[PDB]
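In: Let's see this in three dimensions:
(one chain, ligands or ions: 2)
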Amino acid sequence: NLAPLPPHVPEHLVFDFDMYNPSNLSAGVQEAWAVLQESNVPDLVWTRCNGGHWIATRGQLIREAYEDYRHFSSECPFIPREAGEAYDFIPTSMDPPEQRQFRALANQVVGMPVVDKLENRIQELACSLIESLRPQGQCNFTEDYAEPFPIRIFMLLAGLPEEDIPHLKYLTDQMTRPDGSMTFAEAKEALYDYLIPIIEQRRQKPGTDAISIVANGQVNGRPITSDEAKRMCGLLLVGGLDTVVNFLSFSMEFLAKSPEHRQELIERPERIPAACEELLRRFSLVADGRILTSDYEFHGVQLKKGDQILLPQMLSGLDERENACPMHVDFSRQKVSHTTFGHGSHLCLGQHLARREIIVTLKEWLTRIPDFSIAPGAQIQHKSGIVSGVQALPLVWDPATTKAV
Ligand code: MNR
Ligand SMILES: [K+]
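Out: Residues are numbered from 1 along each chain as shown. Ligands and ions are numbered 1, 2, ... in the order given. Okay, here it is:
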């Protein structure tokens, strides 16, 4: 359904793009969003879909908006408006200056230092899961590796039982790619229903897990409140269950279709870290936004207080003005430009954990299964939303070409 066009929006800027079900989705989700960068499309357009909102389509505008938090606020960062209004995670729903004090605490539980505490476990789990699949000559990558690898690592860090994964994963997905059975607000309340008692129990009897550290932490010298701890832990759950999980499938799908790129990383393994960055650019998948704090003229367009604007962190990397031959994957790309981990004061705090999970996967998978392909007659389907993903990824290979080491 298309919402009525607001009085200040001119017709020539209307482009009815649906972020939850794009028209050209069959060609690939990244390709689907790239239609917003064709020759006849303005830098900033308005879509009547999902309640009506603006969409920045070029890296220059996306970076400018993320830097100017005075005009573009994180208080209501999700579309539709109902979801953005209910959204209250910390630090993501706050603007500086209040936002800043919470970043240090989050860094304590998912930052670089922590990646060092789980180094061995991450390595062990990756090798373990891959060796188990190797002799099978086939797998359903999404459920056999993409989900269990990053998710089990997060549950370990948070001190939560793996048997709770099905419930938590379902709730997290309703906040990014809703199936219609739950609103954002209902999904968020169910997540908080889960966390509330756990936070109280760990504030009474502290442990060394991520939830215990957040719940008993301090914010710029003063005790964190139960409510603040809940709002921060909810965000961590989403990041642990619906970020790397999706990205890994986009990357493996590409490697399955490009033997040449697989051979490159096999012959020259020192290029894996660079390959990670290039894949993060080409298969970017996050797209959230901001809300206007007042009337404001932006790049010749009149914006009104209350208007929502989607800043596809995904679009910066595919912008031909930022990267030549954007759809082409080149591991030797000199200057890989992108905003896959955000831009400005809210730069991703989990990027170190994410990069380690991606690099370990690339190295340990190609070491054991260098040659693989998409299953016979399979047509890979993608899904779009706040975070985009892959519905299923059936893979096959000849065990005779594999290595058990
Ligand atoms: C479990 C931890 C996390 C993991 C894993 C993780 C993995 C990834 C990842 C992997 C492929 C994707 C791409 C990703 C992308 C992002 N991520 Mn990340 N992220 N990520 C966070 C935790 C995590 N992320 C936190 C915390 C913030 C918010 C910081 C702040 O608001 O000040 C954040 C913020 C962000 C933002 C900024 C959003 C904004 O400006 O409103 C983007 C984009
Ligand atoms: K809000």
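In: so, in contact with ligand 1 or not, stretch 282-290?
Out: Yes. On the criterion C-beta under 6 Å from any ligand atom, stretch 282-290 is in touch with ligand 1 at 286, 288. For the C-beta atoms, the positions are set from N, CA and C on the backbone; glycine is no exception.
In: Any residue of that stretch touching ligand 2?
Out: No. Counting by C-beta under 5 Å from the ion, ligand 2 has no neighbours in stretch 282-290; the shortest distance is 11.5 Å.
In: Send me that stretch as CSV with only the CA atoms.
Out: Taking Å, rounded to 0.1, in the frame of the first residue of the first chain, the C-alpha atoms of stretch 282-290 are listed here in CSV:
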residue,chain,number,x,y,z
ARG,A,282,30.1,-5.9,-2.3
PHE,A,283,27.7,-7.8,-0.1
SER,A,284,26.8,-5.0,2.4
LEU,A,285,23.4,-5.8,4.0
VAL,A,286,22.4,-3.2,6.6
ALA,A,287,20.0,-0.3,6.1
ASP,A,288,18.6,1.8,8.9
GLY,A,289,18.0,5.5,9.2
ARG,A,290,17.3,8.8,11.1
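In: Residue of this protein nearest ligand 1, please.
Out: Using C-beta to the nearest ligand atom, the single residue of the chain nearest to ligand 1 is residue 350, 2.3 Å away.
In: which residues of the stretch 101-250 of the chain fall in helices?
Out: 112-117, 119-133, 141, 148-158, 165-176, 184-204, 210-215, 226-241, 244-257 (DSSP state H, counting those that start in this stretch).
In: Dump the ones you listed to TSV, plus distance to residue 370.
Out: Listed next are those as TSV, based on distance: least, C-beta to C-beta, whole Å:
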stretch	distance to residue 370
helix 112-117	27
helix 119-133	12
helix 141	16
helix 148-158	19
helix 165-176	30
helix 184-204	40
helix 210-215	35
helix 226-241	30
helix 244-257	10
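In: could you dump those to JSON lines with distance to residue 49 and mean neighbour count?
Out: Output for the helices of the stretch 101-250 of the chain, formatted as JSON lines (distance: least, C-beta to C-beta, whole Å; neighbours: other C-beta atoms under 10 Å):
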{"stretch": "helix 112-117", "distance to residue 49": "39", "mean neighbour count": "13"}
{"stretch": "helix 119-133", "distance to residue 49": "39", "mean neighbour count": "16"}
{"stretch": "helix 141", "distance to residue 49": "31", "mean neighbour count": "23"}
{"stretch": "helix 148-158", "distance to residue 49": "31", "mean neighbour count": "20"}
{"stretch": "helix 165-176", "distance to residue 49": "17", "mean neighbour count": "19"}
{"stretch": "helix 184-204", "distance to residue 49": "16", "mean neighbour count": "16"}
{"stretch": "helix 210-215", "distance to residue 49": "36", "mean neighbour count": "24"}
{"stretch": "helix 226-241", "distance to residue 49": "23", "mean neighbour count": "21"}
{"stretch": "helix 244-257", "distance to residue 49": "22", "mean neighbour count": "22"}
